[PDB]
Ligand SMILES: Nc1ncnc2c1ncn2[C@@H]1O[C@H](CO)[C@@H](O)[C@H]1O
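Quick setup: one chain, the form deposited without adenosine, written in structure tokens, and binding and motion questions come after.
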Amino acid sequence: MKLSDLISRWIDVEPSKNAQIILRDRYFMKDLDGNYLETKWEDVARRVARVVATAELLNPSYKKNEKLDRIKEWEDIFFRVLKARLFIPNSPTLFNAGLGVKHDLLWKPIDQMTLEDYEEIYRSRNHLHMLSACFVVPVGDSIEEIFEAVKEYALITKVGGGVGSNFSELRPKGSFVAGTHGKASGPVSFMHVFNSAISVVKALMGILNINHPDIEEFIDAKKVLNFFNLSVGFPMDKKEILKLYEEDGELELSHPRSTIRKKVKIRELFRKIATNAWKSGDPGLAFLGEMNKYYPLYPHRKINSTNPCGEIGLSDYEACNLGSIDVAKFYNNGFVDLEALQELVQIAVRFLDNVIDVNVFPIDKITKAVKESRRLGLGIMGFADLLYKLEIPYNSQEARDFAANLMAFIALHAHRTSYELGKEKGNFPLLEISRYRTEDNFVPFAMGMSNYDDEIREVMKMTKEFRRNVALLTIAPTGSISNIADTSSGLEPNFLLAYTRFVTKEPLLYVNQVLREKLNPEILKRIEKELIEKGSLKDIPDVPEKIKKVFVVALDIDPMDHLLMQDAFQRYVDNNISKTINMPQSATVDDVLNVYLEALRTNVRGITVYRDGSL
């Protein structure tokens, strides 16, 4: 089917009542009187579309005469595509698009739009029209830098971004300084200033490397640092670490600018991490090494840290804007409609590329970084619900293969578009010095799970000359936009099939739409209460097999099947993937370690685990 026909099937469907509460809450614009400028999703769509379309001015391929009706093509498409809720950019894009712009340009009917209107939009974008979500900033070994980073966190947060850092440069607690001669506080201490800053500018990523002398104390640093997610950094190769472990080897903890040295059994270090994650979900693992392995600019540039949820490895001062396709709405008669998914990837990658052009950053080292690489994060949401529609159990193999294929297709046409764009609009500045140029068989992910592999290699070849973006794909958690879209989040399985929203306060008993659209209505009413008490189908009498096997939830799916699904997707994603490894209450410390080890033998770039009943 044609995108245009699918759009016509979605465009007049309004968001549900649950999304609407969310929209009125933080998403509809409010004039300084506290009033409402937007009252319906449609309006937000109009605003965002118009503004993102605006980046077409900067297009060297357009002449004049043509430029107007042209931007009026992209605004309509972008518009149609977001009204349908077929593609949605990260929240920042939706809050801040067109802040600074005059209130009568943003919503006026399109065929009253003039060329000068779109130039005015371009110019009126103020210092809070920050349309991206992920940032990383460094924190060098120095006070001037430490406290400049605290300032940077604040400002990025003011504008609605999430940021992280590797703190491994900070010399250990106890070090010599002069300096001052007072002794170095250590990174775990300095992270308190980071924590305190954000407590007052109303989540962050904090990484320390496994070989830092203070690591043991970091692993323990939330037993506080309540605005931090913490992960343990592995900048060496995965294989190197897995080896050392299986030999019961020892690790040298040391730092360039100190004389503090220690040796620890790596198994014990892992046990310490495992226990704390077992206890409370922190810290995660970040396989920095593995991220660099696939980084076009490594070792010229370096990936040292992820943003708060791990899904973008970013170099210093680099940011990345994201958005996601609801693959659930591409379900056509037992198949994913590839003909409509392709056009939309085409459309989405241009949209996201356009965002960068209309974007404003609090710190122009970040503006620089961004213009230089133009790293995007096209992803998906609604995947679990799509598995539902296709009758594929999440925890299966079929599911992972399908996943790998879906992702592979998207990867393909996403990059083919970075191509057609690097042609039409000019290469991302740093192409030349990238592994796309000086390498040969450079692929920004592992592959090995799809037919599309060979076509992908070609394209990465056609990409030695034309390429708008260092990278293009990710899988975000989509905590909010999957809500807006009425669909499951990112690549996660549904946590529950049924729960109780309270109206604001009344029992509104929500059941998953697809469960409704498939399981018998009488059956449902019987089981409902029990489903909500147990949070799963599996132990419920008189529900057919077909259905318990298809409509699995996160806790129905064992840790390993989670891990392996993450692997399938990482194989065709250039950035990382946000994935919680859910573990049953009855899981042990050993169970966590085993997850960790498996993670080591797969192509996952990080690890988050969550034990049910932990916190």
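Only residues modelled in both forms are compared. Each form is matched to the other, and the largest set of C-alpha atoms that superpose within 1.5 Å is called the rigid core. For every residue, the number given is its place in the sequence shown, counted from 1.
Quick note: we don't show the form solved in complex with adenosine, though the next part is all about it.
- Adenosine in the deposited complex is approached by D282, whose closest heavy atom lies within 4.5 angstroms of it.
- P477 belongs to the set of residues with a heavy atom inside 4.5 Å of adenosine in the deposited complex.
- Adenosine is not drawn, but in the deposited complex it has no heavy atom within 4.5 Å of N59.
- Mapping the unseen interface onto this chain, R47 falls outside it, with no heavy atom inside 4.5 Å of adenosine in the deposited complex.
- Listed stretches are 511 to 519, 307 to 315, 290 to 298, 244 to 252; the contact stretch with adenosine in the deposited complex is 307 to 315, by a heavy atom cutoff of 4.5 Å.
- When you look in the deposited complex, the only residue of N354, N469, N229, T417 with a non-hydrogen atom within 4.5 Å of adenosine is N229.
- Residue-level contacts in the deposited complex: of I366, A348, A404, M205, one residue has a heavy atom within 4.5 Å of adenosine, and it is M205.
- Heavy atoms closer than or equal to 4.5 Å to adenosine in the deposited complex belong, across 576 to 615, to the residues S578, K579, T580, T608, ordered by sequence position.
- Taking a Cα shift of 2 Å or more after superposition on the rigid core as the cut-off, the stretches of three or more consecutive residues that move between this form and the one not shown are 500 to 502, 508 to 510.
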